[PDB]
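To begin, one chain is listed below as structure tokens, in the form deposited in one PDB entry.
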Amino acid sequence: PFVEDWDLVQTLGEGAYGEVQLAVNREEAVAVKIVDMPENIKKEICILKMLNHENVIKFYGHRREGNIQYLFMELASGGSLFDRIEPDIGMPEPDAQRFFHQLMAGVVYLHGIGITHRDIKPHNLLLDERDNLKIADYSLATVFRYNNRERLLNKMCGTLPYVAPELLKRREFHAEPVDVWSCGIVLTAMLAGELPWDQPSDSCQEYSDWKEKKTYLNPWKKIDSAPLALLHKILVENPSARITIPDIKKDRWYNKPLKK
């Protein structure tokens, strides 16, 4: 089979709607999101067109073939952050810091254009030729600010180990602290090679242990005091008490010089 001049070589990953494939021309290699069948694809295309930043995946354009929609994006040659996390170990702290600084740069950019990602996790954080982080998958992205006016979110979505606790508890909630929370779980995964809990709920023992400051337990015991102090400010239950990105940028570990 062929679409204009493209050949489907390898499945790069799956999302809530459709599949992302590695497409080779006749010999340019690109990433194509193939979606069957409406209100959501019009929204995703719209958000994808607004994006212009070094830490956000580049959108090439879109083609329609009846019921099938093709979304063309720049191929992340370095693959995903997920495959740089050694299970039970994580990665060297200077590499985790650099990826965290790049994650903050991409999230400030999105929030600045009033877009919330809503599914930040290592499979959605890709790497270019020079290991520069790029935030991908905008199928769950939505507008939280328009005409300088904030809109609260009221839809439950994301990935349970990464979702903020207010998302499971409150009818309506602010967008930005939810994305901040998921960034904190990503930081935990980079420094410990393990996710801290199945979900941030009272029925989850590991979440209860964190709230009781049992930081002598895994994954926290694998993390050095300085990044752990940052995680203590991010992984705060009350979203109004949770650290904001301007203040993460002032954190001691965020500003620590690191090498080797």
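The term rigid core refers to the most C-alpha atoms you can superpose between the two forms while keeping them within 1.5 Å. Numbering starts at 1 and runs along the sequence shown.
Absent from the display: the form deposited in another entry. The rest refers to it.
Residue 10 C-alpha shift between the shown form and the other one of 2 Å or more, rigid core reference: It does, since the residue 10 C-alpha is displaced 2 Å or more between the shown form and the other one after the core fit.
Core-superposed comparison between the shown form and the other one, residue 237 Cα displacement 2 Å or beyond: False for residue 237: its C-alpha shift is below 2 Å.
Post core alignment: residue 19 C-alpha displaced by 2 Å or more between the shown form and the other one: Indeed, residue 19 is displaced by 2 Å or more.
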